[PDB]
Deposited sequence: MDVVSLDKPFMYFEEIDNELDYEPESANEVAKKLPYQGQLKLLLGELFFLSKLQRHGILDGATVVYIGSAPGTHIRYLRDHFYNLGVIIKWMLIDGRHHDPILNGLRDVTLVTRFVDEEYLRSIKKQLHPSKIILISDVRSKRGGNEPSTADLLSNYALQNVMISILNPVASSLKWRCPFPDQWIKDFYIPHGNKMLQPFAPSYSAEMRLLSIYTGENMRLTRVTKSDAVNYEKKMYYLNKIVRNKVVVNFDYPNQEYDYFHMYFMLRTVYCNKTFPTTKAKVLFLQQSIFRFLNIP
């Protein structure tokens, strides 16, 4: 067994303290172990991001514009969590594909069947005005050309919608597939537990203060760095059993999930953080139909 003792898990990209040369043979290795693991991945990352906005007093009364939301099965849990907490939020879910019918029949959530473009963003902004907007993007076309195209759309989402905070899908193109240096919004690179086995994807979390917009250039050397750091995280780290983690499941991703869940607010009062986490996790797994 691959046992280890850790204080805390890597929460953000910069925390990764090591790197490994990427082995193309890892692509042939099992990417997932849990059913609906993709929804789980999304649900934790988005509960984490949103509970933070709550902490900063910017969630209540906002409209959450989720682009690339279908099927969005896990969004029903998020919606319920904050609704039962008393937070007022309107959800506007937009995708060209169809949403999980469990999202229908709620006055607070609007489902839109449209692939967004810069023009469409302009009209929703006019229609959402003067409400405060929180943006979540999970759009997917892939080629480095597809990526750049997605990243270029997400930057336009921010400039047109002018959100108070944003969660964006972020995976650096692979160095050996570089095309050109590009800019991405400045934010925290939140690492994702339950991401596919060798995924280099994270979520770019940002809060907008003032009327400024800070971007950051991404170069090929940066692309090499992402690859080695994420390859070390995936191959080595995520494969560890954290023995000093007293929890029903000691695998790294559960240790990592625990740290995200401990930040979530609840109505029920608990004697320990472990009590809360076990509860939220149980709750989350039952909702998602994960054994």
Compare the deposited sequence with the modelled residues and state the ranges that are missing C-alpha positions.
142 to 147
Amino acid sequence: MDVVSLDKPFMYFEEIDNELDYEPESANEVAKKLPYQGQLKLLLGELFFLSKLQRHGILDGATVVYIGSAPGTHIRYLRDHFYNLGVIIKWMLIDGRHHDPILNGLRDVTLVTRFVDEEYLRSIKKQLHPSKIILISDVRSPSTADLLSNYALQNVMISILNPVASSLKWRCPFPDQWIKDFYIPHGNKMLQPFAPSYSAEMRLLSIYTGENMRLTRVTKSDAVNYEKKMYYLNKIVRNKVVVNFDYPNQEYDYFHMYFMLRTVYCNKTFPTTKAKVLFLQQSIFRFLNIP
From here on, numbers count along this sequence of modelled residues.
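Only the largest set of C-alpha atoms that superpose within 1.5 Å between the two forms is called the rigid core.
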Please pick 209 to 217 or 108 to 116, whichever has its Cα atoms farther from the shown form in 4 other deposited structures of this protein after a rigid core fit.
209 to 217
If you average the Cα B factors in the entry, which is higher, 247 to 255 or 260 to 268?
260 to 268
Tell me which of 157 to 165 and 102 to 110 has the higher mean C-alpha B-factor in the deposited entry.
157 to 165
Selection from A152, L78, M92, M213 [criterion: highest C-alpha temperature factor in the record]:
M213
Residue with maximal Cα B-factor (values as given in the PDB entry) among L128, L85, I134, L205
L128
Should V116 be placed in the lowest, middle or highest third of its chain by the C-alpha B factor in the entry?
middle
Based on the entry's values, in what third of the chain does the Cα temperature factor of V4 lie: lowest, middle or highest?
highest
Looking at the entry's B-factor column for C-alpha atoms only, identify whether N239 ranks in the lowest, middle or highest third of its chain.
middle
Just say lowest, middle or highest third for the CA B-factor of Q39 relative to the other modelled residues in its chain.
lowest
Going by the CA temperature factor in the PDB record, which third of the chain does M190 belong to: lowest, middle or highest?
lowest
